[PDB]
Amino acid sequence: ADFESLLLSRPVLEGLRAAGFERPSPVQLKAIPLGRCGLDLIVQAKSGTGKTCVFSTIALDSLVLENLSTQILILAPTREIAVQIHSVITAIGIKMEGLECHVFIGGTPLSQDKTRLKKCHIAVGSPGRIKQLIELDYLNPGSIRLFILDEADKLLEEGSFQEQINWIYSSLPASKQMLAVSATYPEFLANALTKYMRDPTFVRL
């Protein structure tokens, strides 16, 4: 089956092909329609199966491009992974004129993040910086409808970002979709995600 059978919009289809993604991987076949349906997803599959591309594709297909507002928030456990996500979104979104996707990490002045957030469809960042930006109302979360956790195991493990993610989650609108993707699903992650997803759909190979 091809990407067309997944009912993606033409700009996303064209972007996928331009970015070198000719046919969906098994996890993409399963997860993309469920993502388009608006369901909360837990996608658990090993590294390299295509999970980053899954959520990036669901995200881009969901965007109202003509509304220059932050509709999608994506968290990553490291600065490098935040940038990797940005690279994937920018590649697949290459046919979407005026797409604004930006990375929010430590080391840039907050005043510059403030300016960048005035033109930002998709915010990608680390939990600490994103929390700070929401607290300052530099990122007003009122237009966010899709909240994505990449490497959710690493995000929510002991000594990581559960407190900040709980806080961010609570700041978001009541009505929203969440996606969590992870290589593993240990008890701590199963338990943590009950805070955010009432009755998630699981996607596994």
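Residue indices: 1-based, along the sequence shown.
Engineer: 39-47 versus 158-166: which one carries the higher mean Cα B factor per the record?
Structural biologist: Per the PDB record, 158-166.
Engineer: Hey, which bit's got the bigger mean C-alpha B factor in the entry, 92-100 or 127-135?
Structural biologist: Per the deposited B-factors, the answer is 92-100.
Engineer: Can you tell me which of 79, 86, 118, 121 has the highest Cα temperature factor in the record?
Structural biologist: The record points to 118.
Engineer: Check where residue 174 lands among this chain's C-alpha B-factors and tell me if it's the lowest, middle or highest third.
Structural biologist: Answer is highest: the recorded C-alpha B-factor places it there.
Engineer: Against its chain's modelled residues, does residue 143's Cα B factor rank lowest, middle or highest third?
Structural biologist: It falls in the top third of the chain.
Engineer: Could you tell me which third, lowest, middle or highest, the C-alpha B-factor of residue 27 occupies within its chain?
Structural biologist: As the PDB entry reports it, the C-alpha B-factor of residue 27 lands in the highest third of its chain.
Engineer: Test of reading the entry: by CA B factor among the chain's modelled residues, which third contains residue 197?
Structural biologist: Middle third.
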